Every structure is written in C-alpha cells, then in structure tokens.
Amino acid sequence: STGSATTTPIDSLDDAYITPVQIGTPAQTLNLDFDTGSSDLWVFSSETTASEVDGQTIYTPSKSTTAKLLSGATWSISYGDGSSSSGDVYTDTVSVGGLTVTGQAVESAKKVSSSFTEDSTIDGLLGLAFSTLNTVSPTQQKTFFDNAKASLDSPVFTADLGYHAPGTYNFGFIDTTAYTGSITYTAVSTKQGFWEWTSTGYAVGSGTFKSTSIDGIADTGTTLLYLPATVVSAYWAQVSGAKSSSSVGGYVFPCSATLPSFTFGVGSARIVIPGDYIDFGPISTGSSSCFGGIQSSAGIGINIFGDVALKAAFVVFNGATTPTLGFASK
Ligand SMILES: NCc1ccc(C(F)(F)F)cc1
Ligand SMILES: NCc1ccc(C(F)(F)F)cc1
C-alpha cells in the first residue's frame, strides 16, 4: 500500500509545515507537524489543560469507537528548543493520505509548553525518527512509519517541502516525476535514534567547494540550518553588514542585502540552497534588521539540516534494514 498527503507552510516564513492526519473512528482530522527529529505522535486533546489550548483542534478519544486507553502508560518529551509536553496514551486508528495503521499509539497531551499553546495552527506532532527515541513508559511504542513498514510497497517515505508553497509527504513509493537528475544515497547512522548522515562539504555562493565532513541530522521538525561555527562564519562574512547578535540570538543582516546561495555536498552530488531561502525577515515588526536562516550549532551540540536545507531537495528516507537517505535536486 501507499499514502500521499499535502503539507502546507503554517505562515509566510515557512516556520513549520502541517499535514492533515485522520485519527479515530469516525475520523477526527488534525493538522500535525511531521518531525523526522522525534519519535512521538502526540496531539492536543480533550484532556489538555484548557488554559493551554488556544485555537488548536483537539482529539477527543471518548468520541472514537476504536480508541483504547493504554493502561498505565505515560509520556514526557523535551525538544532541543526548550519545548515540552506530556500526558497519557491511547491506541487508535491513524490514517495519512489513504495509508491506514491500526493500533497506533496516540499520545494525548495533558500539559504543553507555551510555544505550542501560542502556535494555533499545529495540533500535534507526528514523529518519524527511529522508534528507539519514543518516550512512552513503561512500554516503548513504535512510530507510524514503523507500524506501516510491513504493508508499504517500499519501506520508504519522501519529503518534498515547498518554498512558500505546499509540498508532499509520500509513503511507500518514490515519485520519479518530483525531482530532476538522479537520487544520490548516503549512509545513515541510527546510533542516536536520528536520521544522521555525513555531508561531504559546502560552498558559499559561487565560491570554491570546501571538502569537509559535516555530521548532522535530517530534521523536518526544525526550521533553520544549524552548522559548525566555522562554516556559518564563512557564509555570513559574504553578506555586507551581517553580524552575530547576542541580544537577538544569532546572525542578523540588513534587510536590503541580497543573500548568496549555500551549497552542501551529498557524496559527489551538490544541493544548492537559493539565497532567498535563507531570509527569515525582520527580527521585529518594522525593523530593518533581518534574521538569518543559517545559524551556528555550537550551542546545540549537533548539526541540523532543517527545513531551510531540506526544502531545496527531494529527500528519500529509506527505512530498509540498512537505512539510507537520498537527495535529489528539484
Ligand atoms: N525536531 C526534533 C528535534 C529537536 C531537537 C533536536 C536536538 F537539538 F537535540 F538535536 C533534534 C531533533
Ligand atoms: N523540533 C520539534 C518542534 C516542532 C515545533 C515546535 C513549535 F514551534 F511548535 F514549538 C517545537 C519543537
């Protein structure tokens, strides 16, 4: 079987992407943030503290005839940005773009951090990293992808994120009309539970390509591109007036500047991020200082190929017994 669903940016800056997901019987449709950097499927629900819900669509397990409470199970997650949520666990039927999994663990939020409350457009997360990172206790639960794997035509999913535009998540098949050229595959390490891979280098604008190994994770759940301080310094040095701002928390640049492109290596192939993708707009309304889409990973501890990088490519998440990542231009 296969599934295919349209994913849509939540605002004019592509801060995140939401994808409709059908949960329960009869279907309750929630718009979830597909996150290859985490492994929990959790949703705003009728159990969420009422003051922490502000416009989100909630899952109501009592109205689903297929929902079953998972006795004694709880969950608690903290994300790298300081966000967190926690609650109890149901199992229920979950469908993505026609692809149905029965008995999927649906984690019901009882408490969420303020960053989720203030994001009215995101009803939850759908984790797509490896199941070893799932936070359900005492019995760890499998991701949607892991549960669907056996029934998929091919054990893959693909991410085709749009620049200021809708895109597609496909499960079980590779749409050969969605990219140009060939797909270049590269090795994945699962030792930390992430889709972790090694980029072969980078170039700034039309500059010389620098061969250098950059270990990082492919994370649809993170907005920006987080790279080592040396790389990020070389990029912003080519932008007149750009500087690292402690009060803002990263590199900013005069909004009148034109940004150079950024190239990253995948084996012998090259993925080019257009400079316009790196502009995240004024730091505050009316400001002439703009926030950069490439930032240092030094404070984070890991390099992150977030949406800024992934939306420049067609990305194959190959969940075969030896997993690989595929990148193609589009
Ligand atoms: N998108 C989920 C996520 C959040 C944080 C991290 C970090 F910062 F720990 F690497 C990775 C993945
Ligand atoms: N990386 C996972 C993640 C995704 C979205 C959010 C936000 F923005 F909704 F709070 C936080 C963390």
# chains A, B, ... in the order shown; residues from 1 in each chain; ligands from 1

$ residues_near_ligand --ligand "ligand 2" --cutoff "9 Å" --atoms "only C-alpha atoms and all ligand atoms" --output "count of residues only"
32

$ select_by_dssp --residues "segment 116-203 of chain A" --states "alpha helix (DSSP H)" --output "list in words"
residues 116, 117, 144, 145, 146, 147 and 148 of chain A

$ atom_distance --atom1 "atom CA of residue 48 of chain A" --atom2 "atom CA of residue 194 of chain A"
28.3 Å

$ residues_around --residues "residue 318 of chain A" --least-positions-apart "4" --cutoff "12 Å" --atoms "only C-alpha atoms" --output "PyMOL selection string"
chain A and resi 128-130+145-146+149+152+154-159+170-174+183+185-188+195+322-327

$ write_last_selection --atoms "N, CA, C and O atoms" --output "compact mmCIF listing (two decimals), in the first residue's frame"
# COMPACT_ATOMS: atom_id res chain seq x y z
N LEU A 128 8.92 10.86 13.15
CA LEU A 128 9.37 9.97 12.09
C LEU A 128 10.85 9.62 12.22
O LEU A 128 11.44 9.13 11.25
N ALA A 129 11.47 9.89 13.36
CA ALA A 129 12.80 9.35 13.64
C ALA A 129 12.64 7.87 13.99
O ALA A 129 11.59 7.25 13.76
N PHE A 130 13.68 7.25 14.55
CA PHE A 130 13.63 5.83 14.84
C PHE A 130 12.97 5.58 16.19
O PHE A 130 13.03 6.42 17.09
N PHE A 145 5.53 5.26 10.93
CA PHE A 145 6.28 4.66 9.82
C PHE A 145 6.64 3.22 10.12
O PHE A 145 6.47 2.34 9.27
N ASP A 146 7.12 2.96 11.34
CA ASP A 146 7.50 1.60 11.73
C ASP A 146 6.30 0.66 11.69
O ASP A 146 6.42 -0.49 11.25
N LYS A 149 5.42 -0.03 7.99
CA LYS A 149 6.51 -0.50 7.12
C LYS A 149 6.16 -1.80 6.40
O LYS A 149 6.36 -1.92 5.18
N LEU A 152 3.79 -1.29 3.43
CA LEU A 152 4.17 -0.38 2.37
C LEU A 152 4.75 -1.14 1.19
O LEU A 152 5.46 -2.14 1.37
N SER A 154 7.20 -0.17 -0.65
CA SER A 154 8.63 0.01 -0.39
C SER A 154 8.79 0.65 0.98
O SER A 154 8.00 1.52 1.33
N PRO A 155 9.78 0.24 1.78
CA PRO A 155 9.86 0.77 3.15
C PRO A 155 10.48 2.17 3.19
O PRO A 155 11.52 2.40 3.82
N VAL A 156 9.85 3.12 2.50
CA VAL A 156 10.41 4.46 2.38
C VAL A 156 9.33 5.51 2.61
O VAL A 156 8.13 5.24 2.50
N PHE A 157 9.77 6.72 2.93
CA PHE A 157 8.91 7.87 2.77
C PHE A 157 9.76 9.00 2.21
O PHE A 157 10.99 8.98 2.31
N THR A 158 9.11 9.94 1.55
CA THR A 158 9.81 11.03 0.90
C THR A 158 9.23 12.35 1.37
O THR A 158 8.03 12.46 1.61
N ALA A 159 10.11 13.34 1.49
CA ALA A 159 9.74 14.69 1.91
C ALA A 159 10.05 15.64 0.77
O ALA A 159 11.19 15.70 0.29
N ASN A 170 5.12 11.49 0.83
CA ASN A 170 4.66 10.23 0.26
C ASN A 170 5.19 9.08 1.10
O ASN A 170 6.31 9.13 1.59
N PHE A 171 4.37 8.03 1.26
CA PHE A 171 4.76 6.83 1.99
C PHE A 171 4.67 5.63 1.06
O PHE A 171 3.62 5.37 0.48
N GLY A 172 5.77 4.88 0.95
CA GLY A 172 5.74 3.62 0.24
C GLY A 172 6.16 3.66 -1.22
O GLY A 172 6.20 2.60 -1.85
N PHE A 173 6.48 4.83 -1.77
CA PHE A 173 6.83 4.90 -3.18
C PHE A 173 7.64 6.17 -3.43
O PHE A 173 7.56 7.14 -2.67
N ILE A 174 8.44 6.14 -4.49
CA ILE A 174 9.25 7.28 -4.92
C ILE A 174 8.65 7.82 -6.21
O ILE A 174 8.64 7.13 -7.24
N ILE A 183 18.90 10.46 -7.88
CA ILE A 183 18.94 10.50 -6.42
C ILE A 183 20.29 9.97 -5.96
O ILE A 183 20.71 8.88 -6.37
N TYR A 185 22.30 8.54 -2.80
CA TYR A 185 22.05 7.95 -1.50
C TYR A 185 23.32 8.01 -0.66
O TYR A 185 24.43 7.95 -1.18
N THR A 186 23.13 8.15 0.65
CA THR A 186 24.25 8.27 1.58
C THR A 186 23.92 7.50 2.86
O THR A 186 22.75 7.28 3.19
N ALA A 187 24.97 7.06 3.55
CA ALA A 187 24.81 6.18 4.70
C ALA A 187 24.19 6.92 5.89
O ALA A 187 24.46 8.10 6.12
N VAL A 188 23.37 6.20 6.65
CA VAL A 188 22.73 6.72 7.86
C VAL A 188 23.21 5.95 9.07
O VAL A 188 23.29 4.71 9.03
N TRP A 195 17.91 10.38 11.93
CA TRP A 195 18.36 10.20 10.55
C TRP A 195 19.66 10.98 10.40
O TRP A 195 19.69 12.11 9.89
N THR A 322 19.15 -1.79 6.34
CA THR A 322 20.22 -0.81 6.42
C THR A 322 19.68 0.51 5.90
O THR A 322 19.51 0.67 4.68
N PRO A 323 19.37 1.47 6.76
CA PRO A 323 18.71 2.70 6.29
C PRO A 323 19.68 3.62 5.58
O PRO A 323 20.88 3.67 5.88
N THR A 324 19.14 4.37 4.62
CA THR A 324 19.88 5.37 3.87
C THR A 324 18.99 6.59 3.65
O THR A 324 17.77 6.52 3.77
N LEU A 325 19.64 7.70 3.32
CA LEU A 325 18.99 8.95 2.95
C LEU A 325 19.33 9.23 1.49
O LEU A 325 20.48 9.06 1.07
N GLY A 326 18.35 9.67 0.72
CA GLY A 326 18.56 10.02 -0.67
C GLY A 326 18.24 11.48 -0.90
O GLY A 326 17.26 11.99 -0.36
N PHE A 327 19.07 12.15 -1.68
CA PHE A 327 18.86 13.55 -2.02
C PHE A 327 18.87 13.71 -3.53
O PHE A 327 19.76 13.19 -4.20

$ closest_residue --among "A:295, A:303, A:57, A:8" --to "residue 44 of chain A" --atoms "only C-alpha atoms"
A:57

$ closest_atom_pairs --of "segment 143-173 of chain A" --to "segment 304-314 of chain A" --cutoff "7 Å" --atoms "only C-alpha atoms" --output "Markdown table"
| residue | atom | partner | partner_atom | distance |
| --- | --- | --- | --- | --- |
| A:159 | CA | A:314 | CA | 6.3 |
| A:160 | CA | A:314 | CA | 5.1 |
| A:161 | CA | A:311 | CA | 4.7 |
| A:162 | CA | A:311 | CA | 5.9 |
| A:163 | CA | A:311 | CA | 6.5 |

$ write_last_selection --atoms "N, CA and C atoms" --output "tab-separated table (two decimals), in the first residue's frame"
chain	number	residue	atom	x	y	z
A	159	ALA	N	10.11	13.34	1.49
A	159	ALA	CA	9.74	14.69	1.91
A	159	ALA	C	10.05	15.64	0.77
A	160	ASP	N	9.05	16.40	0.34
A	160	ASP	CA	9.15	17.32	-0.78
A	160	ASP	C	8.53	18.62	-0.29
A	161	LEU	N	9.29	19.37	0.50
A	161	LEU	CA	8.76	20.58	1.12
A	161	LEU	C	8.85	21.75	0.16
A	162	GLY	N	7.82	22.60	0.18
A	162	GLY	CA	7.75	23.71	-0.75
A	162	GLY	C	8.37	24.96	-0.16
A	163	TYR	N	8.87	25.83	-1.04
A	163	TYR	CA	9.32	27.16	-0.65
A	163	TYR	C	8.15	28.12	-0.81

$ atom_distance --atom1 "atom CA of residue 98 of chain A" --atom2 "atom CA of residue 14 of chain A"
25.4 Å

$ residues_around --residues "residue 234 of chain A" --least-positions-apart "4" --cutoff "10 Å" --atoms "only C-alpha atoms" --output "MDAnalysis selection string"
chainID A and resid 203:204 229:230 238:239

$ closest_residue --among "A:9, A:61, A:216, A:254" --to "residue 301 of chain A" --atoms "only C-alpha atoms"
A:216

$ select_by_dssp --residues "segment 51-116 of chain A" --states "strand (DSSP E or B)" --output "ChimeraX atom specification"
/A:59,68-78,84-96,99-112

$ write_last_selection --atoms "N, CA, C and O atoms" --output "short mmCIF file (atom, residue, chain, number, x, y, z; two decimals), in the first residue's frame"
data_model
loop_
_atom_site.label_atom_id
_atom_site.label_comp_id
_atom_site.auth_asym_id
_atom_site.auth_seq_id
_atom_site.Cartn_x
_atom_site.Cartn_y
_atom_site.Cartn_z
N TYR A 59 -8.15 16.23 19.76
CA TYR A 59 -8.57 14.84 19.64
C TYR A 59 -9.41 14.48 20.86
O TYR A 59 -9.02 14.76 22.00
N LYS A 68 -8.59 3.04 22.52
CA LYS A 68 -8.44 2.26 23.74
C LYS A 68 -7.37 2.90 24.62
O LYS A 68 -6.27 3.18 24.14
N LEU A 69 -7.69 3.13 25.89
CA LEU A 69 -6.68 3.66 26.79
C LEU A 69 -5.59 2.62 27.01
O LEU A 69 -5.88 1.43 27.22
N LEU A 70 -4.34 3.05 26.95
CA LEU A 70 -3.20 2.16 27.19
C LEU A 70 -2.90 2.23 28.67
O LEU A 70 -2.33 3.21 29.16
N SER A 71 -3.29 1.18 29.39
CA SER A 71 -3.31 1.19 30.85
C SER A 71 -1.94 1.50 31.43
O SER A 71 -0.97 0.78 31.17
N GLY A 72 -1.87 2.56 32.23
CA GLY A 72 -0.69 2.91 32.99
C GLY A 72 0.42 3.60 32.22
O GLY A 72 1.43 3.96 32.82
N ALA A 73 0.26 3.78 30.91
CA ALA A 73 1.32 4.34 30.10
C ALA A 73 1.27 5.86 30.13
O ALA A 73 0.19 6.46 30.15
N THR A 74 2.45 6.48 30.18
CA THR A 74 2.60 7.93 30.19
C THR A 74 3.72 8.30 29.22
O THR A 74 4.48 7.44 28.75
N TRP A 75 3.82 9.59 28.93
CA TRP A 75 4.87 10.09 28.06
C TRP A 75 5.25 11.49 28.49
O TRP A 75 4.46 12.21 29.10
N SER A 76 6.48 11.86 28.17
CA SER A 76 7.02 13.17 28.50
C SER A 76 8.18 13.42 27.56
O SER A 76 9.09 12.60 27.46
N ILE A 77 8.14 14.54 26.87
CA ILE A 77 9.16 14.85 25.87
C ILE A 77 9.63 16.28 26.06
O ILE A 77 8.84 17.16 26.45
N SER A 78 10.92 16.50 25.82
CA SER A 78 11.54 17.82 25.80
C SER A 78 12.29 17.96 24.49
O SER A 78 13.10 17.09 24.15
N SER A 84 8.17 21.39 25.45
CA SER A 84 7.89 20.13 26.13
C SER A 84 6.39 19.89 26.18
O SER A 84 5.58 20.81 26.05
N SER A 85 6.03 18.62 26.37
CA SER A 85 4.65 18.22 26.57
C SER A 85 4.64 16.85 27.22
O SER A 85 5.66 16.15 27.26
N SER A 86 3.47 16.46 27.75
CA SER A 86 3.34 15.20 28.47
C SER A 86 1.87 14.84 28.65
O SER A 86 0.99 15.69 28.62
N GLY A 87 1.62 13.54 28.86
CA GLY A 87 0.25 13.08 29.05
C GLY A 87 0.16 11.57 29.13
O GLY A 87 1.11 10.90 29.55
N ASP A 88 -1.00 11.06 28.74
CA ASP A 88 -1.25 9.62 28.71
C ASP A 88 -1.37 9.16 27.26
O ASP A 88 -1.17 9.93 26.32
N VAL A 89 -1.68 7.87 27.09
CA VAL A 89 -1.53 7.22 25.79
C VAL A 89 -2.79 6.43 25.47
O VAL A 89 -3.28 5.65 26.30
N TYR A 90 -3.30 6.62 24.26
CA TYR A 90 -4.34 5.79 23.68
C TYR A 90 -3.75 5.02 22.51
O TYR A 90 -2.69 5.37 21.99
N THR A 91 -4.42 3.95 22.10
CA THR A 91 -4.18 3.37 20.79
C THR A 91 -5.43 3.64 19.96
O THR A 91 -6.53 3.70 20.51
N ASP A 92 -5.24 3.87 18.66
CA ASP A 92 -6.36 4.19 17.78
C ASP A 92 -5.93 3.99 16.34
O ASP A 92 -4.76 3.72 16.05
N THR A 93 -6.89 4.11 15.43
CA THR A 93 -6.62 4.03 14.01
C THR A 93 -6.14 5.38 13.50
O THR A 93 -6.75 6.41 13.79
N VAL A 94 -5.03 5.38 12.76
CA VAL A 94 -4.44 6.61 12.23
C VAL A 94 -4.22 6.45 10.73
O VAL A 94 -3.63 5.46 10.29
N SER A 95 -4.66 7.44 9.95
CA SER A 95 -4.55 7.38 8.50
C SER A 95 -3.89 8.65 7.98
O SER A 95 -4.26 9.76 8.39
N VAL A 96 -2.94 8.48 7.06
CA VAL A 96 -2.23 9.58 6.41
C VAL A 96 -2.39 9.41 4.91
O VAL A 96 -1.87 8.45 4.32
N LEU A 99 -3.24 5.97 3.72
CA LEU A 99 -2.47 4.89 4.33
C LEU A 99 -2.91 4.74 5.78
O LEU A 99 -2.73 5.66 6.58
N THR A 100 -3.44 3.57 6.14
CA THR A 100 -4.05 3.36 7.45
C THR A 100 -3.23 2.41 8.31
O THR A 100 -2.81 1.34 7.84
N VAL A 101 -3.01 2.79 9.57
CA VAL A 101 -2.41 1.92 10.57
C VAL A 101 -3.39 1.76 11.72
O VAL A 101 -3.89 2.76 12.26
N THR A 102 -3.67 0.52 12.10
CA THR A 102 -4.49 0.26 13.27
C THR A 102 -3.61 0.03 14.49
O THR A 102 -2.49 -0.48 14.38
N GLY A 103 -4.12 0.41 15.66
CA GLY A 103 -3.38 0.20 16.88
C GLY A 103 -2.19 1.12 17.08
O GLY A 103 -1.26 0.77 17.81
N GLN A 104 -2.20 2.28 16.43
CA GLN A 104 -1.12 3.25 16.60
C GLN A 104 -1.23 3.91 17.96
O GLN A 104 -2.32 4.30 18.39
N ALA A 105 -0.09 4.06 18.64
CA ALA A 105 -0.08 4.81 19.89
C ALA A 105 -0.32 6.29 19.61
O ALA A 105 0.46 6.92 18.89
N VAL A 106 -1.39 6.83 20.17
CA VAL A 106 -1.71 8.25 20.05
C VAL A 106 -1.51 8.87 21.43
O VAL A 106 -2.23 8.55 22.38
N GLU A 107 -0.50 9.72 21.56
CA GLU A 107 -0.15 10.26 22.87
C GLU A 107 -0.95 11.53 23.11
O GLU A 107 -0.86 12.50 22.34
N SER A 108 -1.77 11.51 24.16
CA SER A 108 -2.72 12.57 24.46
C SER A 108 -2.08 13.55 25.44
O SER A 108 -1.73 13.17 26.55
N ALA A 109 -1.94 14.81 25.03
CA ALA A 109 -1.28 15.80 25.87
C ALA A 109 -2.20 16.21 27.02
O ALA A 109 -3.35 16.60 26.80
N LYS A 110 -1.68 16.13 28.24
CA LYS A 110 -2.34 16.76 29.37
C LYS A 110 -1.75 18.13 29.68
O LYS A 110 -2.46 19.00 30.19
N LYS A 111 -0.48 18.33 29.32
CA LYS A 111 0.23 19.58 29.54
C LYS A 111 1.13 19.84 28.34
O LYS A 111 1.75 18.91 27.81
N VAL A 112 1.17 21.10 27.88
CA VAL A 112 2.06 21.52 26.81
C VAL A 112 2.74 22.84 27.19
O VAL A 112 2.18 23.64 27.95
#

$ residues_around --residues "residue 12 of chain A" --least-positions-apart "5" --cutoff "10 Å" --atoms "only C-alpha atoms" --output "PDB file with N, CA and C atoms, in the first residue's frame"
ATOM      1  N   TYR A 163       8.866  25.826  -1.041  1.00  0.00           N
ATOM      2  CA  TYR A 163       9.324  27.159  -0.652  1.00  0.00           C
ATOM      3  C   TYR A 163       8.155  28.124  -0.806  1.00  0.00           C
ATOM      4  N   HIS A 164       7.647  28.629   0.317  1.00  0.00           N
ATOM      5  CA  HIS A 164       6.449  29.465   0.325  1.00  0.00           C
ATOM      6  C   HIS A 164       5.307  28.823  -0.455  1.00  0.00           C
ATOM      7  N   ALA A 165       5.180  27.503  -0.361  1.00  0.00           N
ATOM      8  CA  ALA A 165       4.211  26.806  -1.194  1.00  0.00           C
ATOM      9  C   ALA A 165       3.969  25.426  -0.609  1.00  0.00           C
ATOM     10  N   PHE A 280      14.828  35.132   6.748  1.00  0.00           N
ATOM     11  CA  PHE A 280      13.664  34.885   7.594  1.00  0.00           C
ATOM     12  C   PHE A 280      13.037  36.176   8.114  1.00  0.00           C
ATOM     13  N   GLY A 281      13.343  37.301   7.469  1.00  0.00           N
ATOM     14  CA  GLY A 281      12.574  38.515   7.632  1.00  0.00           C
ATOM     15  C   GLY A 281      12.964  39.317   8.858  1.00  0.00           C
TER      16      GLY A 281
END

$ decode --residues "segment 242-260 of chain A" --atoms "C-alpha atoms" --output "PDB file, in the first residue's frame"
ATOM      1  CA  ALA A 242      25.852  40.853   8.762  1.00  0.00           C
ATOM      2  CA  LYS A 243      26.852  40.209  12.365  1.00  0.00           C
ATOM      3  CA  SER A 244      26.167  37.828  15.208  1.00  0.00           C
ATOM      4  CA  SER A 245      23.819  39.442  17.731  1.00  0.00           C
ATOM      5  CA  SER A 246      23.743  38.196  21.323  1.00  0.00           C
ATOM      6  CA  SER A 247      20.513  40.047  22.125  1.00  0.00           C
ATOM      7  CA  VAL A 248      18.769  38.570  19.092  1.00  0.00           C
ATOM      8  CA  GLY A 249      20.378  35.141  19.500  1.00  0.00           C
ATOM      9  CA  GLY A 250      22.171  34.647  16.195  1.00  0.00           C
ATOM     10  CA  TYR A 251      23.248  36.159  12.907  1.00  0.00           C
ATOM     11  CA  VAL A 252      21.229  39.100  11.554  1.00  0.00           C
ATOM     12  CA  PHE A 253      21.699  41.031   8.329  1.00  0.00           C
ATOM     13  CA  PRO A 254      20.454  44.305   6.812  1.00  0.00           C
ATOM     14  CA  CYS A 255      17.140  43.512   5.180  1.00  0.00           C
ATOM     15  CA  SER A 256      18.234  45.330   1.972  1.00  0.00           C
ATOM     16  CA  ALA A 257      21.021  42.791   1.360  1.00  0.00           C
ATOM     17  CA  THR A 258      20.912  40.060  -1.285  1.00  0.00           C
ATOM     18  CA  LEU A 259      21.925  36.741   0.147  1.00  0.00           C
ATOM     19  CA  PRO A 260      24.334  34.310  -1.515  1.00  0.00           C
TER      20      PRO A 260
END
